[PDB]
Amino acid sequence: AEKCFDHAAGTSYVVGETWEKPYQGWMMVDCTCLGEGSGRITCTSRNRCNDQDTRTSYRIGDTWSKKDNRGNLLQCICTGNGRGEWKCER
Amino acid sequence: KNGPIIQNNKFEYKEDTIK
């Protein structure tokens, strides 16, 4: 019934609806519309992998590489686990 | 040898979208 607005995307959502949006340029979060008379939203990274090292957002199942602190290649995969978690092997 | 590296970046925020 009540709506939340994304003025940057020109979109709107009803209470209880969830959508993805960028955050701080390169991150991604999942937002839910609460409403509460102010178009209030709650947004979370808990289902995403926002890796500061690579300044890239990954979805569950996405893979990427990066280095450790001694020149070794790490293979990373986004697992989520309700904790914005990922796992790398060195 | 090397075990798995576990990393996390978990956060939440709220914001109003009507003034």
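We count residues from 1 along each chain, following the written sequence rather than the entry's numbering, and we skip any residue without coordinates. Each chain takes a letter, starting from A, and each ligand takes a number, starting from 1, following the order in which they are written. To get the side-chain values, take all heavy atoms of the structure and skip hydrogens and water. Residues with missing side-chain atoms are left out of burial classes, side-chain pairs and their counts.

One requirement defines pairing of two strands: DSSP has to find at least two bridges between them. Secondary structure elements are taken from DSSP: a helix is a run of H or I of four residues or more, a strand is a run of E of two residues or more, and numbering for both begins at the N terminus. Strand order across the open sheet formed by four strands is β8(A)-β9(A)-β10(A)-β1(B), with antiparallel pairing between neighbours. Only two strands of the sheet have a single partner each, and these edge strands are β8 (63–67) of chain A together with β1 (5–8) of chain B. Across the sheet, the axes of successive neighbouring strands diverge by a mean angle of 30°, strand direction being ignored. Looking at chain direction, strand β9 (residues 73–80) of chain A and strand β10 (residues 85–89) of chain A are connected through five bridges and run antiparallel. The residue of β10 of chain A that forms the bridge with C76 of chain A is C88 of chain A. Helix axes are fitted only over the stretch in contact, all axes being lines through C-alpha atoms; the angle between N-to-C directions runs from 0 to 180 degrees.

On to the UniProt feature "disulfide bond" in chain A, then. Residues and elements named next belong to chain A. Of the disulfides listed in UniProt, the one linking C31 with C43 is reproduced by the coordinates, which place the two sulfurs 2.0 Å apart. Here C31 is found in strand β4 (residues 27–35), whereas its partner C43 is found in strand β5 (residues 40–44), with 12 residues between them in sequence. The sulfur-sulfur separation between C49 and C78, a disulfide according to UniProt, is 2.0 Å, below the 2.5 Å limit, so the bridge is formed here. Residue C49 is located in strand β6 (residues 49–51), and its partner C78 is located in strand β9; the two are separated by 29 residues in the primary sequence. Note on terminology: disulfide denotes any pair of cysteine sulfur atoms within 2.5 Å. UniProt positions are given in the numbering used here, feature names are shortened, and annotations may be inferred rather than shown by experiment.

Here we come to the side chain of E85 of chain A. All names here are of chain A. Within the secondary structure, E85 sits in strand β10. On the basis of relative accessible area, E85 is assigned to the buried category, the value being 6%. Polar contact is defined as a pair of N or O atoms within 3.5 Å, subject to the rule that within protein one atom must be able to donate a hydrogen and the other to accept it, and that residues adjacent in sequence are counted only when both atoms are side-chain atoms. Only 3.1 Å separates the side chain of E85 from the side chain of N81, close enough to count as a polar contact. Of note is the side chain of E85, whose polar atom sits 2.6 Å from the side chain of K87. Note on classification: 1.4 Å probe, protein chains only; a residue is buried when its accessible area is under 20% of the maximum for its type, exposed when over 50%, partly exposed between these limits.

This part is about the sheet that holds strand β3 (residues 18–23) of chain A. As summarised here, the arrangement of the four strands in space is β3(A)-β4(A)-β5(A)-β2(B), forming an open sheet in which the pairing is antiparallel. Looking at strand neighbours, the two that pair on one side only are β3 of chain A together with β2 (12–15) of chain B, the edges of this open sheet. Strand-to-strand twist across the sheet, computed as the mean angle between neighbouring axes with direction ignored, equals 30°. Relative to β4 of chain A, β3 of chain A runs antiparallel, the two being bridged by six bridges. When the sheet's bridge partners are listed, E20 of chain A is paired in β4 of chain A with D30 of chain A.

To continue, consider the interface of chain B and chain A. A contact between two residues is defined here by any heavy atoms of the two lying within 4.5 Å. Across the contact, 17 residues belong to chain B and 33 residues belong to chain A. Defined in terms of a 1.4 Å probe, buried area is the accessible area two parts forfeit on being brought together, summed over both. Buried area between chain B and chain A, both sides added, is near 2,300 Å², and the carbon and sulfur share of it is 48%. If you sort the residues of chain B by the area they bury against chain A, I5, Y13 and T17 of chain B come out on top, with a joint share of 28%. For this document, the term salt bridge refers to a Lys or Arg side-chain nitrogen within 4 Å of an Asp or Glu carboxyl oxygen. Where chain B touches chain A, the interface holds two salt bridges. Joining chain B to chain A, the criterion identifies 20 residue pairs in polar contact.

Here we take up the pattern of salt bridges. Residues and elements named next belong to chain A. What the rule picks out here adds up to 11 salt bridges over all chains. Two residues, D51 and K66, come together in a salt bridge whose shortest N-O distance is 2.7 Å. Remark: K66 occurs in strand β8 and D51 occurs in strand β6; sequence separation between them is 15 residues. Both residues of the pair, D51 and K66, count as buried. Of the charged contacts in the structure, one is a salt bridge between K87 and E85, with a shortest N-O distance of 2.6 Å. A single network of salt bridges, built from pairs that share partners, joins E20, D30 and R48.

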